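Examination of the molecular architecture
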Amino acid sequence: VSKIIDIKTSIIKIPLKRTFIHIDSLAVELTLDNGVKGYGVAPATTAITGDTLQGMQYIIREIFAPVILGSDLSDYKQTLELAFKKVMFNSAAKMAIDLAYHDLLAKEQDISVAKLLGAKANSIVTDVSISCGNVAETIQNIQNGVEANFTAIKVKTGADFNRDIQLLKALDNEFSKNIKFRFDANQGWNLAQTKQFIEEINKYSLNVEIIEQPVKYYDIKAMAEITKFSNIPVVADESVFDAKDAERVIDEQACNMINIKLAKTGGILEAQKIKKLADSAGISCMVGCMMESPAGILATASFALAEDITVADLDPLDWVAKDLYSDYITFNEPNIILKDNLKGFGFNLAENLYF
Amino acid sequence: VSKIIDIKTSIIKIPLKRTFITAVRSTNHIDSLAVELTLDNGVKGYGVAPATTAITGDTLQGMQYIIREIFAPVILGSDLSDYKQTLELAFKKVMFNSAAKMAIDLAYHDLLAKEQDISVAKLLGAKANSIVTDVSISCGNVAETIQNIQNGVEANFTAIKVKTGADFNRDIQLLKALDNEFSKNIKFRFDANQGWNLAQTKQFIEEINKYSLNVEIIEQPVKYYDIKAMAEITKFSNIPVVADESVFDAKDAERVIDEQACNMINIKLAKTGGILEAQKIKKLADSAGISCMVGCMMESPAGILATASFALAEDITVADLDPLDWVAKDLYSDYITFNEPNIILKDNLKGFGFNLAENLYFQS
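Residues numbered from 1 in each chain as written, not as in the entry; some residues may be left out. Chains lettered and ligands numbered in written order. Heavy atoms only, no water.

Overview of the overall build of chain A
What chain A contains, in helices and strands, is 14 helices and 13 strands. For 355 residues, the compact-globule formula gives about 20 Å, and the C-alpha radius of gyration of chain A, at 20 Å, lands near that figure. Projected onto its principal axes, the C-alpha coordinates of chain A cover approximately 65 × 40 × 35 Å. Looking at chain A as shown, the accessible area adds up to about 14,200 Å², and 46% of this sits on carbon and sulfur atoms. When the 36 positive and 47 negative side-chain charges of chain A are each reduced to one mean point, those points stand 2 Å apart. (Helix = DSSP H or I, 4+ residues; strand = E, 2+ residues; numbered from the N terminus. Rg over C-alpha atoms; globule rule 2.2 N^0.38 Å. Areas by Shrake-Rupley, 256 points an atom, 1.4 Å probe, with all protein chains shown as cover. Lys, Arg positive; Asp, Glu negative; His and termini not counted. Charge placed at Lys NZ, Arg CZ, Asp CG, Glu CD.)

Thoughts on the sheet that holds strand 10 (residues 264–267) of chain B
Residue and element names in this part refer to chain B. Here we have seven strands laid out as an open sheet, ordered 5-6-7-8-9-10-11, and parallel in their pairing. Only two strands of the sheet have a single neighbouring strand rather than two, namely strand 5 (135–137) and strand 11 (291–294). If you compare each strand with its neighbour and ignore which way they point, the axes differ by 30° on average. Relative to strand 11, strand 10 is paired through four bridges, and the arrangement is parallel. Bridge assignment links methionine 264 to a residue of strand 11, and that residue is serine 291. Of the strands in this sheet, strand 10 and strand 11 are in contact with helix 12 (residues 275–288), which crosses strand 10 at around 170°. (Pairing = 2+ DSSP bridges. Axes fitted to C-alpha atoms, helices over the stretch in contact; angles between N-to-C directions. Contact = heavy atoms within 4.5 Å.)

Focus on the interface of chain B and chain A
At the interface, 24 residues of chain B touch 24 residues of chain A. With both sides pooled, the region where chain B packs onto chain A buries about 2,100 Å², and carbon together with sulfur makes up 62% of that total. Interface area lost by chain B to chain A is led by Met95, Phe96 and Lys251 of chain B, which between them contribute 25%. Seen at the junction of chain B and chain A, the total is two salt bridges. Among the salt bridges present, the one from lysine 221 of chain A reaches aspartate 258 of chain B, with a minimum N-O distance of 3.0 Å. Scanning the region where chain B abuts chain A turns up six residue pairs in polar contact. (Buried area = accessible area lost by both parts, 1.4 Å probe. Salt bridge = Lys/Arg side-chain N within 4 Å of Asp/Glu carboxyl O. Polar contact = N/O pair within 3.5 Å; in protein donor to acceptor, adjacent residues only side chain to side chain.)

Some thoughts on the sheet that holds strand 2 (residues 26–39) of chain B
Residue and element names in this part refer to chain B. Reading across the sheet, the three strands line up as 1-2-3 and stay open at both edges, with antiparallel pairing between neighbours. Every interior strand has two partners, whereas the edge strands, strand 1 (4–21) and strand 3 (44–50), have only one. Each strand axis lies, on average, 20° off the axis of its neighbour in the sheet, ignoring direction. As defined by bridge partners, strand 2 adjoins strand 3 across seven bridges and the pair is classed as antiparallel. Bridge pairing in strand 3 places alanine 34 opposite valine 48. Taken strand by strand, helix 2 (residues 60–75) contacts strand 1, strand 2 and strand 3, and its axis lies near 155° from that of strand 1.

A word on helix 2 of chain B
When the local axis directions of helix 2 of chain B are compared, the greatest deviation, roughly 30°, occurs at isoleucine 67 of chain B. Within the span of helix 2 of chain B, buried status applies to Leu60, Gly62, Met63, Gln64, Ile66, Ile67, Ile70, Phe71, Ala72 and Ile75 of chain B. In this structure, the buried residues of helix 2 of chain B make contact with helix 1 (53–68) of chain A together with strand 1, strand 2, strand 3, helix 3 (83–91) and helix 4 (98–115) of chain B. Positive phi appears at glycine 77 of chain B, one or two residues downstream of helix 2 of chain B, with a value of about 90°. (Bend = angle between axes of the 7 residues up to and from the residue. Buried < 20%, exposed > 50% of the residue type's maximum accessible area, 1.4 Å probe, protein only.)

Quick look at the packing of aromatic side chains
Residues and elements named next belong to chain A. The full count for this structure, using the stated rule, is 27 aromatic pairs over all chains. Linked through ring pairs, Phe175, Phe181, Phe183, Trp189 and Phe197 together constitute an aromatic cluster. One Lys or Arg, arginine 18, reaches over the ring of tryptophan 319 and ends 4.0 Å from the middle of that ring. The cationic tip of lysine 195 hangs over the ring face of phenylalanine 229; the distance from NZ or CZ to the ring centre is 5.2 Å. (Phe/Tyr/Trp six-rings, centres within 6.5 Å; stacked < 30°, edge-to-face > 60°. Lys NZ or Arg CZ within 6 Å of the ring centre and 35° of its normal.)

Overview of the pattern of salt bridges
All names here are of chain B. Per the stated rule, a full pass over the model turns up 42 salt bridges over all chains. Of the charged contacts in the structure, one is a salt bridge between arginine 189 and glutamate 216, with a shortest N-O distance of 2.8 Å. With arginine 189 in strand 7 (residues 187–191) and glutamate 216 in strand 8 (residues 214–219), this residue pair connects regions lying 27 residues apart in the sequence. Summarising the burial analysis for this pair, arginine 189 and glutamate 216 share the class buried. Put simply, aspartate 244 and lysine 271 hold a salt bridge, and the shortest N to O gap is 2.7 Å. Of the two residues, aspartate 244 sits in the loop between strand 9 (241–243) and helix 10 (250–258) while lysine 271 sits in helix 11 (residues 269–272), which places them 27 residues apart along the sequence. In this pair, the class of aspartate 244 matches that of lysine 271, namely buried. Taken together, the salt bridges that share partners define one network made up of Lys161, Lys163, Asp191, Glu219 and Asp320.

Structural notes on the domain arrangement of chain B
Residues and elements named next belong to chain B. Taken domain by domain, chain B consists of domain 1 (1–116) and domain 2 (117–364). Taken residue by residue, the interface counts 49 residues in domain 1 and 49 residues in domain 2. For domain 1, the biggest contributors to the area lost against domain 2 are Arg18, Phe20 and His109; these three give 15% of the whole. Between the two partners, domain 1 and domain 2, sit one salt bridge. Residue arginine 18 is joined to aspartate 325 by a salt bridge in which the shortest nitrogen-to-oxygen separation is 2.8 Å. (Domains from an automatic or database assignment.)

So, in structure tokens, the structure goes:
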């Protein structure tokens, strides 16, 4: 019977290849009394989840640790429930702890986390995301993505609505229906603008897979109205963090698809609850992420493969140097492929914690 | 034209005279962050907010980073008169962390009042200087609970907020003891802090009906997000139902109003992120015919003064402002006279009148 006898945290900062419109992460290490160690890594994206590195560090060390230390690994579901009830929000802090527990559970069975969760397949396709910009600049960026082998393109909108509308014209004459578009407004549109955008799209011949979070996260009425109006799948992102949020958008029919992110759910256990609710309601799920470390991408990919989720916006790997992830992931665009025979997730903190 | 040229903070830790226990947590202390904004004319203004992680998710460490590294660049160099625009732009950079926002909003109000040579209460339009509070009673076994209530009554409190929701069997059995021990000149407010399910809540209300008690409110009996159960309880109950954790901000207020999920909202500055957002809630509630009370976390007297100033300006007379009763008198005696159960603002204070710098070392 293994018990968790130690918890450490470390701050990890990673540079981005370009500016997006660095990554701050907290890593946590849990140590069993048999010597096995497990790791989880979460982003501090304050504008979205409200997490800060400083808050996460305090919460893990002073709040979660007293609950976790001395507890049996096999009691993890209860331990995490007890720990998490002491903290409102701070979902990224919860993610880090949840992931480290799964890392331990897998290592105790000498298998990968993906395998622990029931995955067989090793590979998932991601879109590439395109930052907000002027139409011309945006066409170039998309072209670069296509040349890089991506056929699914996430285009950021909502900053300049006229630009978003003009862009569709430019898109229609420069791209075939072999290129598949995903529009993500990040809450930037009102109800009327959203309806306009959808109509504009249909003025053209374009392959558009989804419209993501067009309005404010709390305007569930507008989401439900946009969903009924739309001939294109509507995705809830910020409208759904957790299972109770999922229940609300299901009950109010406010989306066709839920974008599950581990940094919103507070890790894998809660993400599994959302998927189960969505399955029962005939609502589809995709996975997404913050602009976060490859470790978070690997965890998210592991969850998706276990859950039969094939739609993914996992692009941050494209924003960072290959050598960061090359130990556990082969990115042959646009495929994210888990390496064989990893124990747990397969990443280690030696350079951060030890060297 | 005054510009904000400096922002500094300090942690405050205060011991409680007795243990505060709710269905959610137990504590002997208050952790708070204070913030100081300095104008280019040398005038300084202050706000103080609690780190109640189990409730608002705030931590001293998070608040510190948010205020000094996120909010500060937006605030620094800006004109005081631009406060509404500055706060809107700064706050949109941060999801949640409502207490960090409260600290900043309060310091801005302190400056606005000081620049007019008046109190914040005056700035907001208060006429009255006095508000009555209940005293709240920690969860415990029946006998301890009766004793704590007796202590409150002898201290002159006639409105008693009884925490419930930790042990449902105890909550039900307590109602018997209350009926025996106290007259109807004592008014009870029950607060479950989300600890009951729907069936238990109805049973508790049914149970109250079995006795003769003066019961003013039933506060947040179920989970903050179970708005359906809140609406069902509100429709079922002959006692006004109060939303606390279900309402942080104006959009939360809109939802509970639209869903008929409460009769009254408990406004707390640590949830609203300060006075500006609290005013918006009050306006929405007034339009909907929903009443408001003010409340607080177990937090420093500075937050109590700020909250009382707001209530007085908004004609809110129902208050759970008790933390003064849990801490040393000298922590509030600079700005407040507490003649239990009356919170009385001292006269002629400029801004809030917290007098923090005397005892705290503020740092950039």
